[PDB]
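Letter by letter, the chains look like this.
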Amino acid sequence: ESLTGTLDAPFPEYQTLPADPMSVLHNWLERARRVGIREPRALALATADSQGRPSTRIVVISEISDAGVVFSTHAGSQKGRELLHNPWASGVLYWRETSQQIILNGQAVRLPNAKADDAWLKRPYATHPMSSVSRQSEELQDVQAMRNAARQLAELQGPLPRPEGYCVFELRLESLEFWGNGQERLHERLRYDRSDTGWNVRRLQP
Amino acid sequence: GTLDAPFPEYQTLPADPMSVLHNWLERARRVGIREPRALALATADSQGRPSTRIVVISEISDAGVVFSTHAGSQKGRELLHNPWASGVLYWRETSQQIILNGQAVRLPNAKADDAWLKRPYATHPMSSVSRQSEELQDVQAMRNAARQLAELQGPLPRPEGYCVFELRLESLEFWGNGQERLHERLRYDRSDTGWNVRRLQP
Ligand SMILES: Cc1cc2nc3c(=O)[nH]c(=O)nc-3n(C[C@H](O)[C@H](O)[C@H](O)COP(=O)(O)O)c2cc1C
Ligand SMILES: Cc1cc2nc3c(=O)[nH]c(=O)nc-3n(C[C@H](O)[C@H](O)[C@H](O)COP(=O)(O)O)c2cc1C
Ligand SMILES: Cc1cc2nc3c(=O)[nH]c(=O)nc-3n(C[C@H](O)[C@H](O)[C@H](O)COP(=O)(O)O)c2cc1C
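Each chain carries its own residue count, beginning from 1 and running in the order its sequence is written; this scheme need not agree with the entry numbering, and residues with no coordinates do not appear. Think of it this way: whatever chain is written first is A, whatever ligand is written first is 1, and the rest follow in order. Just so you know, side-chain values use all the structure's heavy atoms and leave hydrogens and water out. Residues with missing side-chain atoms are left out of burial classes, side-chain pairs and their counts.

Determination of this PDB entry was carried out by X-ray crystallography to a resolution of 1.3300 Å, according to the record.

With the PDB entry as reference, chain B is termed Phenazine biosynthesis protein phzG, source organism Pseudomonas fluorescens. The title given for this PDB entry is "Crystal structure of PhzG from Pseudomonas fluorescens 2-79 in complex with a second FMN in the substrate binding site". UniProt positions are given in the numbering used here, feature names are shortened, and annotations may be inferred rather than shown by experiment. Its UniProt record gives chain B the following Pathway comment, quoted word for word: "Antibiotic biosynthesis; phenazine biosynthesis." Per its UniProt entry, chain B bears the Subunit comment "Homodimer."

For chain A, the PDB entry supplies the name Phenazine biosynthesis protein phzG and the organism Pseudomonas fluorescens. What the UniProt record of chain A gives under Pathway is the line "Antibiotic biosynthesis; phenazine biosynthesis."

Draft legend 1. Quick peek at the overall build of chain B. Helix numbering and strand numbering both begin at the N terminus, where a helix is a DSSP run of H or I of at least 4 residues and a strand a DSSP run of E of at least 2. When helices and strands are tallied, chain B shows six helices and nine strands. In terms of overall dimensions, chain B has a C-alpha envelope of 55 × 35 × 30 Å along the principal axes. Residues count as neighbours in contact if any of their non-hydrogen atoms are within 4.5 Å of one another. Partitioning the contacts of chain B with sequence separation of at least 6, the portion at a separation of at least 24 is 62%.

Draft legend 2. The site of ligand 2, seen in detail. Put simply, a residue is near a molecule or strand once any heavy atom of it comes within 4 Å of that molecule or strand. Close to ligand 2 lie 16 residues; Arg57, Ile58, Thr73, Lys79 and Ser137 of chain A are nearest. Around ligand 2, the nearby residues trace back to chains A and B. Side-chain atoms alone can form a polar contact between residues adjacent in sequence; in general such a contact is a pair of N or O atoms within 3.5 Å, and within protein one must be able to donate a hydrogen while the other accepts it. One of the side-chain N or O atoms of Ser77 of chain A is found 3.4 Å from an oxygen atom in ligand 2. Within the side chain of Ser137 of chain A, one N or O atom sits 2.6 Å away from an oxygen atom of ligand 2. Only the protein chains shown count as cover for residues, and the accessible areas themselves come from Shrake-Rupley with a 1.4 Å probe. Coverage of ligand 2 by the protein amounts to 85% of the 620 Å² it exposes when considered alone. Of the residues forming the shell around ligand 2, the biggest block, four residues, is contributed by strand β2 (residues 54-60) of chain A. Across the shell around ligand 2, the residue classes break down as five nonpolar, seven polar and four charged. Note that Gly is not counted as nonpolar here; it falls among the polar residues with everything else outside the nonpolar set of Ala, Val, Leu, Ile, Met, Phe, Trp, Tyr, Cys and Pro and the charged set of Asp, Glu, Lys and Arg.

Draft legend 3. The interface of chain B and chain A, seen in detail. Opposite the 58 residues of chain B that make contact, chain A presents 61 residues. Secondary structure elements with two or more residues in the side of chain B that touches chain A: β1 (38-44), β2 (50-56), β5 (84-91), β6 (96-106), α5 (124-129), α6 (139-150), β8 (182-190) and β9 (195-199) of chain B. Classifying every residue of the side of chain B that touches chain A by side-chain character gives 23 nonpolar, 18 polar and 17 charged.

Draft legend 4. Region of interest: the environment of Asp4 of chain B. All names here are of chain B. Summarising the element assignment, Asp4 is placed in the segment before α1 (9-12). Exposure is judged per residue with a 1.4 Å probe applied to protein chains only, and the accessible area is read against the type maximum: over 50% gives exposed, under 20% gives buried, and values in between give partly exposed. Judged by relative accessible area, which is 63%, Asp4 ranks as exposed. Along the primary structure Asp4 and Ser95 are separated by 91 residues, whereas in three dimensions their C-alpha atoms are 9.5 Å apart.

Draft legend 5. Structural view of the side chain of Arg191 of chain A. Examined against the element boundaries, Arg191 of chain A turns out to sit in strand β8 (residues 186-194). Only 2.8 Å separates the side chain of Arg191 of chain A from the side chain of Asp193 of chain A, close enough to count as a polar contact. Ignoring sequence-local partners within four residues, the contact set of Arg191 of chain A consists of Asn105, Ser175, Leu176, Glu177, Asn200, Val201, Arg202 and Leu204 of chain A together with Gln74 of chain B.

Draft legend 6. Region of the structure containing the site of ligand 3. For ligand 3, the set of nearby residues contains 17 residues, the closest of which are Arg53, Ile54, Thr69, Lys75 and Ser133 of chain B. Of the chains in the model, those with residues near ligand 3 are chains A and B. Between ligand 3 and the protein, one listed contact pairs an oxygen atom with a side-chain N or O atom of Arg189 of chain A at 3.0 Å. Contact distances for ligand 3 include 2.8 Å between an oxygen atom and a side-chain N or O atom of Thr69 of chain B. Against a free-state accessible area of 620 Å², the protein chains account for coverage of 89% of ligand 3. Contributions of two or more residues to the shell around ligand 3 are made by β2, β4 (64-70) and α3 (74-81) of chain B. The biggest single contributor to the shell around ligand 3 is β2 of chain B, with four residues.

Draft legend 7. The arrangement of the pattern of salt bridges in detail. Salt bridge, as used here, is a side-chain nitrogen of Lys or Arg placed within 4 Å of a carboxyl oxygen of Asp or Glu. One pass over the structure, following the stated rule, counts 23 salt bridges over all chains. When the shortest N-O distance is used, the salt bridge between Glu184 of chain A and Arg143 of chain B registers 3.0 Å. A residue pair is termed interchain when its members come from two chains, as with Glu184 of chain A in the loop between β7 (166-183) and β8 and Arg143 of chain B in helix α6. Judged by relative accessible area, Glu184 of chain A falls into the partly exposed class, the value being 43%. Residue class for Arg143 of chain B comes out buried when judged on its relative accessible area of 11%. Salt-bridge contacts for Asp193 of chain A lead to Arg202 of chain A; the nearest nitrogen and oxygen are separated by 3.0 Å. Take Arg202 of chain A: its relative accessible area is 30%, and that puts it in the partly exposed class. Taken together, the shared-partner salt bridges in this structure form one network comprising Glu30, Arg33 and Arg34 of chain A.

Draft legend 8. Here's a closer look at the side chain of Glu13 of chain A. All names here are of chain A. By secondary structure assignment, the location of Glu13 is in helix α1 (residues 13-16). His is not counted, nor are the chain ends, whereas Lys and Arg count as positive and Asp and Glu as negative. Buried within the structure, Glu13 lacks any salt-bridge partner; its nearest side chain of opposite charge belongs to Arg31, at an N-O separation of 9.8 Å. In contact with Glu13, not counting residues within four places along its chain, are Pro18, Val24, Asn27, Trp28 and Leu190.

Shown next as structure tokens:
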């Protein structure tokens, strides 16, 4: 048996079926914060290429919005190029300590540059030199050249201008699943799908 | 980044990424990474809309990695029509990722029989009663049916639809945190004659 979690993970929502899934997302994230889950917002984000072939990587959720979740990246990266052509994405959060997963499905929209400017400035300025010199996901020809270039920019010891491709995406949710380990291996799966008006909610078989 | 995280392959560029994969996984076991084989597996539907969930890598093979699931689940239904998949392993303790891309194919029933028999028998009742990912209409009914099966000794028969997939790899990336935020990305792509390797910008 592979699951190692041992912390109590209350899931009254599996019984009560709240109409509004963002409240469940807020409840779970707040509890994760309060009990000290390690890196709860590390999202395994999937995008797909022009033929529907998926790719994955970790990104951090920086904000929970009314419509979904927000993250930052580089537009020229693989995920950025894939999202520009096909906005559909899915990500999964998994918390080993409580044996909980959260699956988040929807369409990711690039937010305005004013939003990216604010997000860039909110990052610690020590992150700016490498994020400026790097063209994320292109081939790296000379490690030492990139290192030396970033070191020269870092001399400023303060904020740099936002690089053109640094962007913020909002994943506007169309469906969500909250998964808990449950009792007697009857894993508790609470599934939401957007309706014309609000959400439909269902339990799924484990 | 609480545990040592060596990445000498970023300097030496080993030819065979499957050897690198073996070595990273063995090191993760030795140093005590928590649930290192918890793979965030992405599939996509006929419109190209991805879906994700965690599955456990059960074995490494010559061509890739192996996991089990139910054919009628969402991932199983998506893979039936679109075999392309990707998964990521992420180890918080060492700040490392492994990204695995390729085509996931269903193995024969004798392989599924063996995988099913190798599970702890306590897992057999619920996995037999459930039709994974279909709507659950009556929680208590499922619970009670599984409890009847849990009274039995030994293994149960393998259910219709319990299956094993092999994710036959076409590309891999090994990611480490590096120094001075120059995150270290080692990318492999299969060729006609072997594998090509490159470093990627962070
Ligand atoms: C482009 C980009 C790259 C990032 N890379 C890493 C990383 O390589 N390793 C890591 O632990 N966090 C990484 N992060 C996440 C940040 O460290 C941070 O956790 C997140 O962006 C927001 O942090 P906060 O809302 O908790 O303050 C990255 C964030 C961005 C936007
Ligand atoms: C813990 C952690 C957090 C990360 N957070 C981000 C992030 O928020 N944004 C980002 O662009 N990359 C982040 N990264 C780096 C990505 O995993 C990935 O290497 C990069 O975005 C390129 O992905 P792509 O080539 O698939 O587009 C993070 C990596 C780690 C290990
Ligand atoms: C840590 C962990 C490991 C899991 N391992 C598997 C697995 O190996 N196979 C499987 O079918 N489901 C596994 N599950 C359940 C899946 O995440 C998911 O609920 C189920 O496979 C249905 O996914 P789908 O509806 O997207 O097809 C695991 C869940 C967790 C939290």
